[PDB]
Amino acid sequence: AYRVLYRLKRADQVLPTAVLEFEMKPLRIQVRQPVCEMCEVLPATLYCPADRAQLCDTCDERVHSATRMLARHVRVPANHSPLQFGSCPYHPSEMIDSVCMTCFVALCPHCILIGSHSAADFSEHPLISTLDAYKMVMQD
Amino acid sequence: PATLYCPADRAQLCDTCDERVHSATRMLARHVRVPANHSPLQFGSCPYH
Amino acid sequence: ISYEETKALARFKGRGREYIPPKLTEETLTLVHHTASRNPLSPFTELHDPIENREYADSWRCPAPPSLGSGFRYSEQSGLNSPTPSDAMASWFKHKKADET
Amino acid sequence: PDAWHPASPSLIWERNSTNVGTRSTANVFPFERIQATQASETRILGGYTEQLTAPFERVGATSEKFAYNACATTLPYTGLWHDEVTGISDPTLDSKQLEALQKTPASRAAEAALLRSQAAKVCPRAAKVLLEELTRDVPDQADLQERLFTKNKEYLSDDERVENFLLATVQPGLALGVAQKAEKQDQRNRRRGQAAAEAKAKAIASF
Amino acid sequence: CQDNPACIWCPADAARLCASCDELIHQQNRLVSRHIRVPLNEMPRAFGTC
Amino acid sequence: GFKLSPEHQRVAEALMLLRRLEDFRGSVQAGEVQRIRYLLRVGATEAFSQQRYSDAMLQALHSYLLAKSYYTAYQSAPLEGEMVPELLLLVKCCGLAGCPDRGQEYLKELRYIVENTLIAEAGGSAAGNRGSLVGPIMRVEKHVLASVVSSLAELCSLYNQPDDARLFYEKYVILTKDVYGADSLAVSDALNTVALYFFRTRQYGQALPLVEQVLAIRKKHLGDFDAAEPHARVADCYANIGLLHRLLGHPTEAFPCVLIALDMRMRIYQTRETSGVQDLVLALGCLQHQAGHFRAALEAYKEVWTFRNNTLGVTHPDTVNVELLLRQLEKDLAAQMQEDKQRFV
Amino acid sequence: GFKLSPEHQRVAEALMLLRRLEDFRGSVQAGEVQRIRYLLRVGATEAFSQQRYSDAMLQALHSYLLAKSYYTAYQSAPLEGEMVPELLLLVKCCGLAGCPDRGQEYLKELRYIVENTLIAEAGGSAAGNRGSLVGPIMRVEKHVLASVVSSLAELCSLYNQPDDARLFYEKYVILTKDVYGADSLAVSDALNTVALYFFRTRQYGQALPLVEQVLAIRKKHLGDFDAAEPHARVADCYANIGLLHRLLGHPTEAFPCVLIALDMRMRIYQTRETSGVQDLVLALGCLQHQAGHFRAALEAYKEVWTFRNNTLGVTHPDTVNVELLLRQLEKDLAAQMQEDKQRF
Amino acid sequence: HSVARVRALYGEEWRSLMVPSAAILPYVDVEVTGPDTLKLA
Amino acid sequence: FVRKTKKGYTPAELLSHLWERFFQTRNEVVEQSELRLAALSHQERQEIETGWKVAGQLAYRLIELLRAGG
Amino acid sequence: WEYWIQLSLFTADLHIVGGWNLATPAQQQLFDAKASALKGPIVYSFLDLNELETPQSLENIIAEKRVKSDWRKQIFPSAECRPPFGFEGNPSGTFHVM
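Residue numbers (the deposited numbering), protein chains in the order written: chain A, 203 to 342; chain B, 245 to 293; chain C, 124 to 148, 244 to 319; chain D, 116 to 255, 262 to 328; chain E, 303 to 352; chain F, 675 to 1019; chain G, 675 to 1018; chain H, 1115 to 1155; chain I, 1322 to 1391; chain J, 50 to 147.
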């Protein structure tokens, strides 16, 4: 309950900055359910980190079991998909999958390739996956 | 028959005796009590004696 | 600067020569969104929003709070409920019709 | 914090009667600025951790008993969540015959005063549960049958009865059954005190 | 009692009880009269740094 | 978005009811969570109540996570307040089996729900800051919310947070005044609960002004000293006045309080050989012993020791303790005789 | 994406046409108005059949707003016609929720149309000469208009208007007499349905005469007391007046009625292990209890309890009803024993 | 391997005259309360 | 799917009733206890409670299977 | 700025609807240079539009381009703020701060 009341001596020590108009009802982020890369069958939850495709159940039994190649291919379930955090607020077509660890902004592939973070000085900044970001806040 | 065994008191008691041994002072009410089939005395012959 | 400079120039910070800091480490698929706000009119009020990827949520006070739905009884005289004594009242009356076919 | 302020009568006596600057040697324990161990800590290491299994609580080393027991008719406990959309309700009651059944019995006059008081208006569902408990105790149009089918119309459904067993076992007061055991005990103590009166008082004096 | 200095640490009761309370809570009926009682010196606790 | 006419806002709550029922009854997962949360709560209540405290950990945590998994996909709100019942299980069993760093964030989680119910119900901001303006609330009616904030503060004092334990106790007092009145015996019970907490935390100072209010309420909506037929509840509270005021240090105007309570219990319980009457005879012996007055506190101590010997035994903690008051009266009388009679210099 | 699934799709552009009419009149045609309207209606009927009432409310509401944005407001002459089934879906889904006063004008508009069809049909072409009103007299056949009367009449009970539901049940009786004749099994079932309401609202006293004409028409069409073959429905209605005469006091003029409804159920059910016999055994047990004979209705109460335990659940309200009756018989027999004790 | 398995078959000697029945018993609770007529007699 | 037995049970809520009776006998057996339950690690106690949560999950799933058909 | 009022009211359901920049980008670095001369911080304060010394609705500031309130004799609520004026009678609507 930290609240402090301030009083200033001269009128020059205060400057207007903005009037913010704010509503009261709650409202939450875009939690999309993708369909499949092949089938459009089931409310989709499985993801392959290697080949970036949100492809639960369906044809994974037949298109991801071919040789010693396709057998390893970890199949991280339970909607642990980097392509599910909402749109980019500048570009409303792709999903937020990368996050900046210097300027700390949420970037979709369009928002990092020709986005605001595609400048010359914004090149050496580390860019981890967004699921790596959320697990980091959980374990401190 | 014993119903609850207190490991701190290392003794086996029934319901009418748990409420008179441990329910008198305040340091005895803090004792955890386990069911009587956790008692150490159920393993027993000590075949020497 | 980033991780690169703040690790090699701040953990050591120009010091050296005897310090040695420590070690380094139904219910199938429909394309329709299952809306979070369970007002049937919540996709039909507004979107006053500078950002775009942002549906509604029900307010904790005014209509109803977020809940599982364990209670929420219908109207008592309607026969779409668990069988009350008022609903099983006509169990020993025998409303079954004679013949209409 | 606060200083020690000992509980035993002798330690207060030595503090308040004997002065330190009168003897070469002194047992000077009730004069030091010992700190009272702060609040929560005495509850852990002292044993003030659970509910009162008895209608008292013993006082340190003076072996006194501080009395705590119920004095009032608490409204019957209801559930820890009510699924209810505001606006759509009928929290009011049909009344009439309900307060008529309130003023009939005599053993539950304190419960009847609770139902006629402002407690019913502020929270109406507790009044609904208590009215169903009073009407369940009434002695015996609609020959048999109807009178017992409308009798078992119990209102608290399956989930909230368990969910109130939470709020009784966590509430910081007497444990469940302590109030009933205490009521059974002093009633028998009162008849033993009534036995050394009358049959011993008037009968032995005026034979 | 929180009224006397501690003299006996009883591992069974897990309490830093005093001498007067030792007579109170260990001279009841015979079951609680046989707890291992050691002085407060022998309470298990950390040795310390240099 | 296509702004609605006020006819839709007029109907409104009817569309609230008919949607949350249909998706509860129609999705099999909704009745799934309701049934399993019921059975896990039934097992966890009986587990906590008898002796277990560790199976009550795992069933409460499992009903927590299974409810939460439904509460993150059915609707976009992880905390919904209905997980308070097994939240109370989680904190109390954490503190009793013993792992305070595990139940610290569950006490934290139970906390943020509670001030949101206090602020959403009250007339406005008023008192009770620190816990925000709208958030996870519960729609409990107020007599339930009285025991909610009372149980939470018991958990707050169980953990090492004494500052907000007293904060919630005075709101437990002020909220029972809303449902039972400003002059109700249920409110005097609520003041007696906080007075019990102050007494068990060694804080005898703030305990007494609450019990004075307890005596004031019971003196109105119950009997009195004479009151023709007197009541045992006023006699209990009069004993609590004399007990808590002796513990502060003043023995000379606590003596009338024990005298009233002794005379009342003389006519409630009668006889001379009750465990109750020997409480106040032992209280007059302790009050006398504080203010000097020897060879008369000896007979009050001998009377309560002889009754407790042939009723409670020879090794009972109510009989050995008074015998320690006999021995430490003997040390004190020997001190007085060796302080005022050897002064021949 | 957010497809906004097709039952709510027709909600969306129907509300969009409400905006389009409001901000710019003249860009409206009768063709697409009734096209979206009928799509909302066929979706609402398939929603109500499969228990989806939230969207049945939503489509019927937006059909009604689109109705009064069109001819009620736009071009003055209404010629309403198609109000009634979508007002029915609105009034039903209101009353199922809780509505005492929130669907009041919704009940009033539907009632104003229904009372119009009753008056203008009871009088032969009464609308054409005496007070031409706005309702179309439903523009359909007779028996469907009867089911509209019964639908509103059960809707007033869902709107806790007992006198109002009573009159509409009465015109339900009158109008099914006209279409099917005085002696028809449709009339005997419709008058039976009114008896279900008067049972449901505790008004047993005035329910007695109307069940008696149900017995009269069943005896005229199917069979009397002997009747050679007895039909199950004349055994039913004669049992119903036995229950009705039992409940409002009057133990005397129910005992012969229970006796021979039991005897008729012997001939159609030649057993003793059916719920038909084992509910009239409960009926004769209650009449046996009230006039003494404490060790004679105890047999009749064990007759029914050993049946409802066998064929119904232990937690069934009918089965636990018998156990409360046995706990009753335990304490009247205890009190009668005590009265015998001081009298000895 | 052997010694343990073949000893188990010697335990099968005395379970030879021991046959599964065709009972299908659905244990469902039945309550006792009711009029006790041997009291009244 | 609706037919009753000698105690008046549908095949659906016969399973619900015997699941409750198995649960009551479960709490009775665990309370009397054997010292194999006392000698349990926190991981094995975790695996038991996951086991009975999923056991209740499949119990209700079978209840809905014997009910929704009828 | 939406997250700022979310923190200031401690609650997690707010949203910015529309922003009106009552400043100039050149004014901020002169405000900062004056600040480093005075040797102090730039701690924020969130004030309701009718909470000022003189009440002034949003249309009034924009129309005549001035703030007609003496801020040298005004208290500044910092960090945690009171509920905005327009609560319980309107528990969910649109409000204003500056």
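Here a beta-carbon is modelled for each residue, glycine too, at the ideal position from N, C-alpha and C.
Item, Value
"Taking only beta-carbon positions, decide if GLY777(G) is within less than 8 Å of chain C.", "no"
"In chain J, which residues lie with their C-beta within 9 Å of the C-beta of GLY809(F)?", "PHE59, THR60, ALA61 and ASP62"
"What are the start and end residues of each continuous beta strand (DSSP E) run of 3 or more residues lying completely inside the stretch 740-781 of chain F, in chain order?", "none"
"Does the count of Cβ pairs from the stretch 274-284 of chain D and the stretch 185-196 of chain D closer than 8 Å reach three?", "yes"
"Classify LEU692(G): buried if its beta carbon has 16 or more other beta carbons within 10 angstroms, exposed otherwise.", "buried"
"Once DSSP output is grouped into helix, strand and coil, what is the label at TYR249(B)?", "strand"
"Using the beta-carbon of each residue, which ones in chain B are nearer than 9 Å to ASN331(E)?", "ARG264, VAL265 and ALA268"
"Could you pull the start and end residues of the beta strand (DSSP E) that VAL996(G) belongs to?", "No beta strand (DSSP E) contains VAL996(G), which is instead part of the alpha helix (DSSP H) from 991-1017."
"Mind checking the stretch 274-288 of chain C against chain A and listing, in chain order, the residues whose C-beta falls within less than 9 Å of any C-beta there?", "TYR274, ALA275, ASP276, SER277, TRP278 and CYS280"
"Mind pulling the alpha helix (DSSP H) runs of 4 or more residues that sit fully within the stretch 1346-1387 of chain I?", "1356-1359"
"Just to confirm the assignment, what range does the beta strand (DSSP E) spanning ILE310(E) have?", "310-312"
"Just checking: is the beta-carbon of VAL276(B) within a distance shorter than 8 Å of some beta-carbon in chain I?", "no"
"Where in the stretch 815-854 of chain G do unbroken runs of the alpha helix (DSSP H), each at least 4 residues long, occur, reported from the N-terminal end onward?", "816-832 and 836-854"
"Looking at chain D, is there any beta carbon in it that lies within less than 8 Å of the beta carbon of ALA280(B)?", "no"
"Once DSSP output is grouped into helix, strand and coil, what is the label at residue 237(C)?", "As shown, the structure holds no coordinates for residue 237(C); chain C passes over it, running from 148 to 244."
"Which chain B residues sit within Cβ distance under 8 Å of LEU1383(I)?", "Those do not exist, as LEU1383(I) stays about 32 Å from chain B at its closest Cβ, beyond 8 Å."
"For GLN76(J), name the three-state secondary structure that DSSP assigns.", "helix"
"Can you tell me where the alpha helix (DSSP H) holding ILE934(F) begins and where it ends?", "929-942"
"Looking at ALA182(D): is its Cβ nearer than 8 Å to the Cβ of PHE171(D)?", "yes"
"Using CA coordinates, which residue listed in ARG874(F), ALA721(F), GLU681(F) and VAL978(F) is at the minimum distance from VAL174(D)?", "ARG874(F)"
"Would you grab the beta carbon distance between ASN299(C) and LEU689(F) for me? Rounded to a whole angstrom, and I think it's under 8 Å.", "Between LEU689(F) and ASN299(C) the Cβ distance is about 19 Å, and since that is not below 8 Å, they are no contact."
"Hey, could you find the ends of the alpha helix (DSSP H) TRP69(J) is sitting in?", "Where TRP69(J) is concerned, there is no enclosing alpha helix (DSSP H), although the beta strand (DSSP E) it sits in stretches over 64-69."
"If the cut is a Cβ gap below 9 Å, which residues of chain A does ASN803(F) touch?", "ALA203 and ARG205"
"Would you kindly report the start and end of the unbroken beta strand (DSSP E) that includes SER331(A)?", "329-331"
"State the Cα-Cα distance for the pair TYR786(G) and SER288(C), rounded to the nearest angstrom.", "39 Å"
"So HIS895(G) is in the alpha helix (DSSP H); what residue range does that whole segment cover?", "882-895"
"Rounded to the nearest angstrom, what separates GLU127(C) and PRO328(A) at their Cα positions?", "10 Å"
"In this structure, what does DSSP give as the bridge partners for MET812(G)?", "Partner(s): none; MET812(G) has no beta bridge."
"Just the chain K side, please: which residues come within less than 9 Å of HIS266(C) by C-beta, in chain order?", "Protein chains A, B, C, D, E, F, G, H, I and J are contained in the structure displayed, whereas chain K is not."
"Between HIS337(E), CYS312(E) and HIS328(E), which lies nearest to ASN343(E) when the distance is taken from Cα to Cα?", "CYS312(E)"
"Rounded to the nearest angstrom, what separates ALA176(D) and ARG277(B) at their Cα positions?", "26 Å"
"According to DSSP, which residues form a beta bridge with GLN150(D)?", "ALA118(D)"
"Have a look at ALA275(C), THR248(C), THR253(C) and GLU264(C) and flag the residue whose alpha-carbon is nearest the alpha-carbon of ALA246(A).", "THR248(C)"
"Who are the near neighbours of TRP979(G) in its chain, counting only those whose CB is closer than 6 Å to its CB and skipping five residues on each side?", "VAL996"
"So, are the CB atoms of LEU889(G) and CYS911(G) less than 8 Å apart?", "yes"
"Name the residues in the stretch 159-171 of chain D whose C-beta lies less than 9 Å from a C-beta of chain B; which are they?", "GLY161, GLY162, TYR163, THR164, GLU165, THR168 and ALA169"
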